[PDB]
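Note sheet for the following structure.
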Amino acid sequence: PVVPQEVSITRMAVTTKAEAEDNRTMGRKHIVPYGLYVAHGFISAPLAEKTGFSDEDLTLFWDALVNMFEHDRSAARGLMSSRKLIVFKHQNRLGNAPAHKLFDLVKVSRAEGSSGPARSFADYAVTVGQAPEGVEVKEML
RNA sequence: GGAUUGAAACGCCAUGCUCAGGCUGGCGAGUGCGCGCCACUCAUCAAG
């Protein structure tokens, strides 16, 4: 669970002449002190065959995922980054094991020496179990 | 391999809590109160 913090901020300039008539406005800004998010995804090769999604497209997709947040900087988003990317590659065109059982292999738990609310990625320990025989595990990050 | 009222779908761009203000002015621990009254080191033991 995350506990967003509300930050009150002020601005020197007023926007309208009406409110000018002592001249400052107070706004607020919502931030998550820290949070680690898990995103699942699926790529269907049979659908790709119907639209030409090729291997160069897949490599570009992995590149986007690992570099997704590098160009999305803004005043509101703070610092976001991709920490880890596990890819399960199936031998067969359609799958070889149930997806939900593969997602279970990625265990995310808190480091041993860390207590209290998490404030950095170092407070978490992430491990990947052994995948079934028909699936290959790749760690792009 | 035609159709999961489906297929596609950012809440998003940005914004000083600031400018400043002695905890101060001053107030005896002080007046006083015997360690003191007594009590043998002593009764013996060649020098070789």
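Simple scheme: letters A, B, ... for chains in structure tokens order, numbers from 1 for residues in each chain, numbers from 1 for ligands in the order shown.
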Nearby residues (only C-alpha atoms (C1' of nucleotides)) at most 8 Å from residue B:16, same-chain spacing under 3 positions excluded, as a PyMOL selection string: chain A and resi 10-12
Write out as a VMD selection string all residues of chain A that DSSP puts in alpha helix (DSSP H) for this structure's backbone. chain A and resid 17 to 20 45 to 49 55 to 66 99 to 104
Using only C-alpha atoms (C1' of nucleotides), I'd like every residue of chain A that has an atom within 12 Å of chain B; please write them out as a short mmCIF file (atom, residue, chain, number, x, y, z; two decimals) with C-alpha atoms, in the first residue's frame.
data_model
loop_
_atom_site.label_atom_id
_atom_site.label_comp_id
_atom_site.auth_asym_id
_atom_site.auth_seq_id
_atom_site.Cartn_x
_atom_site.Cartn_y
_atom_site.Cartn_z
CA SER A 8 0.96 22.86 -0.17
CA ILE A 9 2.68 25.37 -2.45
CA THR A 10 2.31 29.09 -3.14
CA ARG A 11 2.68 31.29 -6.22
CA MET A 12 3.92 34.87 -6.37
CA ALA A 13 1.78 36.08 -9.26
CA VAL A 14 -2.00 36.30 -9.50
CA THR A 15 -3.61 35.45 -12.83
CA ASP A 22 -2.34 40.22 -0.28
CA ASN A 23 -1.49 39.08 -3.83
CA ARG A 24 -0.54 35.40 -3.64
CA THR A 25 -2.31 32.12 -4.32
CA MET A 26 -1.90 28.76 -2.59
CA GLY A 27 -2.11 25.46 -4.45
CA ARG A 28 -1.43 21.84 -3.58
CA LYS A 29 0.57 18.98 -5.06
CA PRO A 46 -1.03 -15.57 -33.65
CA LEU A 47 -2.32 -12.00 -33.52
CA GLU A 49 0.93 -12.98 -37.60
CA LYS A 50 -2.20 -11.05 -38.59
CA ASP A 72 8.52 11.54 -19.52
CA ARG A 73 10.02 13.95 -16.99
CA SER A 74 7.70 16.69 -15.74
CA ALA A 75 6.98 18.82 -12.70
CA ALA A 76 4.34 16.42 -11.37
CA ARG A 77 5.85 12.97 -11.96
#
Find the residues around stretch 1-6 of chain A up to 6 Å (only C-alpha atoms (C1' of nucleotides) counted), leave out those fewer than 2 positions away in its own chain, and share them as a CSV table (one decimal) with C-alpha atoms, in the first residue's frame.
chain,number,residue,atom,x,y,z
A,29,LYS,CA,0.6,19.0,-5.1
A,30,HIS,CA,0.1,15.2,-4.5
A,31,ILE,CA,3.1,12.9,-4.4
A,32,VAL,CA,3.7,9.2,-3.6
Expressed in Å, the length from atom CA of residue A:90 to atom CA of residue A:52 is 18.7 Å
Do you know which residues are at most 6 Å from stretch 101-116 of chain A counting only C-alpha atoms (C1' of nucleotides), after dropping those on the same chain fewer than 3 positions away, and could you put them as a PyMOL selection string? chain A and resi 98+123-129
Store the residues picked out above in a file with C-alpha atoms, as a compact mmCIF listing (two decimals), in the first residue's frame.
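Saved as out-v6.txt:
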# COMPACT_ATOMS: atom_id res chain seq x y z
CA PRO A 98 -0.37 -20.92 -17.95
CA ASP A 123 14.33 -1.96 0.35
CA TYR A 124 12.90 -4.70 -1.89
CA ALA A 125 14.25 -8.10 -2.91
CA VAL A 126 13.01 -9.58 -6.19
CA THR A 127 13.67 -13.18 -7.21
CA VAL A 128 12.59 -15.30 -10.18
CA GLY A 129 11.88 -19.00 -9.81
